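A short worksheet on the structure shown next.
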């Protein structure tokens, strides 16, 4: 019988939640495992396996301590790293990539400014706070 | 030894000696880790309105499930505490046991499950739960009477279920208990049978003028609009019990239709001075306002009666009548629709929606609701006339 | 034939299907037509929280003169129906009589003592409770109620405990004598209570019993072992957080420890748990006292006092609110009221004498402090005062 | 030659890029496996290593189990971590260990299961009354539960113990936002962030309060500061997506929603928001894919089933739409607009008997719009 | 049981190793896990006192002075290092100095339970 | 208009304090959704049992912010 003890320390769980968790859990694993029961199984050189936005080539250069078609390759490549290998890009219409691209760096550049005083005046900030 | 303490605790509980019963239950449970003693202490906690303490008692040691009786007590404690989620949790969505001289333990669990489904407004599952509860043990009657009172089954279905169940458990008392059950069955179907049953019960046995038999006679007369027999039976039973809640709705309606304004006034005053909390008294006051043509005022009093007690057809129905009688017709539809949805299994709300839709001169929907009401109840002059 | 129906009625009572209970009680009563069946149906009505039905049913044929338990059920129904004079008239002011279970005469005497306690003739209540406990010792209420409200000074409580006999218990008197001895007052003969505590702890595995822990807590509270109060009452409260007997002592030793978070938590949980008990409002008032908000503690002690006329902590905390507020003339009347309602309680008199110091009136303070010291030879407050 | 790589990783993570810092944390772990701080720094991002080679090439197994737990929690797959807790990590470690209590409470909290998390790190709070680290999650849980007394407990206790810790002021602000006020919540959050910067949670709550205060620019700036403090934080991304939703510019809203979903794959709010951005963009076929993922990801959610029904009715997959709506009503009967779609699907399929009762429920739910319900009744027959 | 003692010794060695360098959060986690693991062992075991002392020292080292102060107050008498941690917490917080005095006076007078150990930061 | 108000009050005299407190500003709407006035609002659909105890809770129960 399906085990539900760890999902709630209360030894009894009403049957609605039993299938609610069971059907929830299986597809959650099915998403991770496929791009069955939980209790039967949980399983399944540079050490670093993955970094968000890092491809296999970028991992290799780390181990070494380091026109329309071409820009479309850069168009998709830019969104590959930022969207963490999202599969919806290939379904996007080509002219819909352009406006999302321009908003990417424009939003990105704003981060650079954010990420980057006379004696009498700058003493007040500590007094008032 | 311990048996003397146990029987002393049982008597103290029976004698409404709460402190001694609690003390001795605690002592006996400390002496022996017997779950029946824990059930007894939980019962003592239950009686004096100390529900959470009994909940924590039966929860702390996880002794529920070891024996079914404490599980039932715990579930009842939740259902009174209205934590219906936890009650359904401990009891279970369906029968877990599905393949002494007292009621079968499993049957009580199915009754509680039906009650919680009814509370959660899950009428469809509650019907099945109550049907299974009555089918498992005929010794049970709470589920049978609840289903009949709340009109959760059609009269034909009620008769079919009554015929399906047997009386083999009773044995010697088979015929008397069959008649006793048959008293409470719904009307509009083969009323002569309920008749001959109540006479055969009346003379043969000492139960000649008991409460339920006169109640059934009053119900028969009220259905048949035999209103003078209605009254005479009603006062002849009221003179013994001045506050018998089983008959009060029929009595109140029967006075309303005779328009005995004054007797209605005396009843309203007597019930107000005694039972302010119960919705019956406020229903009586509101129908007193009705008898004086005060629809706008007792609008509020039906609101009060309905809120003081949910699952009361009379209060909400009268509230909808107050909506429908004078103007403000648009929202009478919403009120009667609420009646239909929250009170499934009764033809009258559907019939009322149909006649109201006919009242807007909107026909086809009136036909729809009329045929719905006819489906719910086959034998009713009102629906067929409409 | 009737026996099956009687057992079915009993089962309906046990499993709390009240509508079937009353239905079957009515049926079996009409069949048999005996007063015991009417008693059963009246008991069903009582459990139904429908006292009017039960009392009318018992009185319609004047069954009170037939059996001895039906009249008691009618009397208790009147008791909870807020009717007292007719209740005593039915039961009778004086004793008309002067196997398992308990004797009925003791229960009737106990009910009479309850009515007298309701009617504020405290001496008659003491007489009734003493009579009930001496006639029957199984009636633990006649003991616990008498000892709870401090209706009598502890010396005569010990004397009556010694006077009453446990002989009719027999083989079980060996344990029940000690169990009853546990519940007496703690100021005097303290050591014997302790030895009884180890007696229960050994050979009876009752160390885990809640009331043994309650007795130990009250021992610790008497000599002001407030830290031990906290530790033991925390150990017992984890299992059960709403033992009404346990809670006031926990409030006392928490306020002594002067901590607001845990008092705060328990008070807010009890407020949503038991809205109509004076205990939670008393706890709220104590929390406000610990936060030195006297103005709110005023009202939140007044409500607790109104809810329970037998709640000495309420009156003394009330007069504490008065005294700490700044005005004392009303605190004088408050402490006098607390002293007069509860004869034999030294603390109201002691606090009243502290107030006499506060007014620089030492002449009454001498007598009041002597009276308080008469029964409290060793405690810091008395000697400090 | 193990702490130096850790220091390099910390500097890299702090300054510009977490990629090289993760590389150096991996190198440090290669030098020594018992550098749990490097593992925590790695798990701060969505980076993972091959634990079998790290920890092997019973204490190593125990450490490997905790590493798997932490990796799953960072990766946001809590069911597996709960299962390892059930199987491995014996109880006399699980219950006592405050850090496993924190993590396990987090794991139960990310699932809609709310009461068990409360119980778990409430026993934690009991064990360590003065613990201050990672109490903002308790504050968020109390905000979700709409409970005020326990939040008041937390606020008073933390203020008494640590008047200056940022978590205390964060909890004060969350309680304020709970009760009625938003400006005072903003003031508390700003005090919390001035006393200790680099706290992206305070900025996230600032942006949320600003959004609730109908101040778009301030919320955007607060979220930008949050991202500046923490590169990976789905809460501020979701807030930004919702803000661009309310301005109607669906492009950057989709951008933010997808970016938030990237680091937290299992969350139906973000899946639903990304899908809705998709329909506003017009991609019916791909939007369904996420919603198909969403309801299978977990049942008993009104939002996911509702949007399934809306999308299926839009492009007319009535056969599955009817059953999705049916189970929606089964899991909740109080949705007003849902029963309208129920009735529309019933009349389209051609089961008038169910259509009448469903529309009756519809008028019962919505007094104001009965007339249009009446019109559908007329269209029903 | 054969490997149970080895795990405790290894955890202790890792804790001293971590505290030897300026690595404190890892010291925190290892001290926490060792303290949790030692719960099953009886209080009479020297391992429990050693783990409690290491946990107290760590919780002091990361400025979480309150928590160190309680975790030291519970078992202040058992070990000398726990008393040292308690005294340091008391001096920083000005809370409960008196019992710190009552413990330190006794521990110094007796010296001139567990008193001597090979762990790090054991007071002289 | 005064007669009905007097009659309303005369019958309105028969309540418990908490019971009367529940119905001070009581209003029931046609569809069945309920509005409760706290002397906050407890708007909820009637015929579910838990709601009226919730109105009971905040009426007599002790609620407080504590900073």
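Throughout, chain B uses Swiss-Prot numbering, with the displayed residues spanning 229-327, 352-638 in order.
Method on record in the header is electron microscopy, 5.4 Å.
For all residues, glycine too, the Cβ spot is worked out from N, Cα and C.
As annotated by Swiss-Prot, repeat 'TPR 1' applies to B:229-260. Marked as repeat 'TPR 2' by Swiss-Prot: B:263-288. Under the heading repeat 'TPR 3', Swiss-Prot lists B:296-319. Under the heading repeat 'TPR 4', Swiss-Prot lists B:357-388. Taken from Swiss-Prot, the feature repeat 'TPR 5' covers B:393-416. Among the features that Swiss-Prot reports, repeat 'TPR 6' is placed at B:426-454. The feature repeat 'TPR 7' is assigned by Swiss-Prot to B:464-492. Summarising the annotation, Swiss-Prot assigns repeat 'TPR 8' to B:499-526. Annotation source Swiss-Prot lists repeat 'TPR 9' at B:531-560. Annotation comment: Swiss-Prot describes B:565-593 as repeat 'TPR 10'. Summarising the annotation, Swiss-Prot assigns repeat 'TPR 11' to B:600-628.
Here the repeat 'TPR 11' (B:600-628) is broken down by DSSP into helix, strand and coil counts: 26 helix, 0 strand, 3 coil. Taking every listed stretch (B:229-260, B:296-319, B:464-492, B:600-628) in turn, the largest tally of C-beta pairs under 8 A with the repeat 'TPR 8' (B:499-526) is reached by B:464-492. Sequence-distant neighbours of the repeat 'TPR 3' (B:296-319) (same chain, 6+ residues past either end, Cβ-Cβ under 8 Å): 263-264, 266-267, 270-271, 274, 279-280, 282-283, 286-287, 357-358, 360-361, 364-365, 367-368, 371-372. Residue counts for the repeat 'TPR 4' (B:357-388) under DSSP, split into helix (H, G, I), strand (E, B) and coil, are 29 helix, 0 strand, 3 coil. Counting only same-chain residues 6+ beyond the ends of the repeat 'TPR 7' (B:464-492), those with a CB under 8 A from a CB of the stretch are 432, 435-436, 439-440, 443, 446-447, 450, 453-454, 498-499, 502-503, 505-507, 509-510.
Listed as Cβ neighbours of the repeat 'TPR 1' (B:229-260) (distance under 8 Å, sequence separation of 6 or more from its ends, same chain) are residues 266, 268-269, 271-273, 275-276. Secondary structure by DSSP for the repeat 'TPR 1' (B:229-260): 27 helix, 0 strand, 5 coil.
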